[PDB]
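Contents: one structure, followed by commentary.
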Amino acid sequence: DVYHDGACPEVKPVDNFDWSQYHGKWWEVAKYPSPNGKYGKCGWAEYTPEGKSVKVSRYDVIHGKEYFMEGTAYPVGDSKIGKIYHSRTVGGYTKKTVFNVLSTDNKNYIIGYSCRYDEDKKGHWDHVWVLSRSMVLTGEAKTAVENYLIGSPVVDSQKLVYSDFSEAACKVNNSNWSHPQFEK
């Protein structure tokens with residue numbers, strides 16, 4: 001539950017986003033546990049370059065439920081500066097989402113910030129997610145996430161929540177046969 005007045009707050013996006021490293025397969029790390037709490041850390045998403053823009057396809061099982069959400073990343077304005085809107089298509093409708101990527105380290109973690117405006121509430125809401133090349137945030141990546149958090153302008157870490165899905169997450173109620181495991 002994150003409510004605010006006006007539109008997205010003050011957040012300086014990447015001066016010059018580079019898909020050089022920031023790409024491939026990434027997995028969520030510390031992303032708001034949401035209200036209803038809907039997530040699934042058991043998917044595989046890749047980033048394909050499409051000339052300036054980079055396609056992104058996400059697919060996983062959110063709380064015993066096959067989920068999928070893709071969207072290309074394109075520069076809203078200045079190619080350099082962040083301001084990269086993600087196109088999210090649905091059924092027979094398309095919406096252009098603007099995602100301002102504060103500042104990424106392009107190592108093993110990625111930060112950002114997105115807030116959608118509500119004409120009903122007048123104000124707006126916040127909606128962001130944290131990515132981590134590795135299922136677990138480590139190395140200098142931790143620093144990037146640490147530094148950012150430390151100087152969290154709005155992103156209240158105390159609110160955020162680090163990875164936490166558990167096989168149970170993936171494991172679906174009688175579906176998609178899976179393989180067991182073992183522990184020393």
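Identifiers in this document derive from the order of the structure tokens: chains are assigned A, B, ..., residues are numbered from 1 separately in each chain, and ligands are numbered from 1 in order of occurrence.
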Just the residues within 8 Å of region 69-80 of chain A, please, counting only C-alpha atoms, with nothing from its chain fewer than 5 positions along; format it as JSON, numbers by chain.
{"A": [14, 15, 16, 17, 52, 53, 54, 55, 56, 57, 58, 59, 85, 86, 87, 88, 89, 98]}
Can you pull out the residues contacting residue 18 (chain A)? Cut-off 9 Å, using only C-alpha atoms, and skip same-chain residues under 3 positions away; I want them as a PyMOL selection string.
chain A and resi 21-22+80+106
Region 32-47 of chain A environment, 10 Å, only C-alpha atoms, sequence neighbours closer than 4 positions dropped, as a PyMOL selection string:
chain A and resi 1-2+19+22-28+53-73+127-130+135+155-171
I'd like to know which residues of region 47-132 of chain A are strand (DSSP E) (by DSSP, run on the backbone); could you write them as JSON, numbers by chain?
{"A": [47, 48, 49, 54, 55, 56, 57, 58, 59, 60, 61, 66, 67, 68, 69, 70, 73, 74, 75, 84, 85, 86, 87, 88, 89, 90, 93, 94, 95, 96, 97, 98, 99, 115, 116, 117, 124, 125, 126, 131, 132]}
How would you write, as a ChimeraX atom specification, the set of residues in chain A that DSSP gives as alpha helix (DSSP H)?
/A:140-150,166-170
Please, what distance in Å, to one decimal, runs between CA of residue 110 (chain A) and CA of residue 123 (chain A)?
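Computing the Euclidean distance for CA of residue 110 (chain A) and CA of residue 123 (chain A) yields 26.9 Å.
Ranking A:92, A:112, A:9, A:51 by their shortest atom-to-atom distance to residue 148 (chain A), with only C-alpha atoms included, puts A:112 first.
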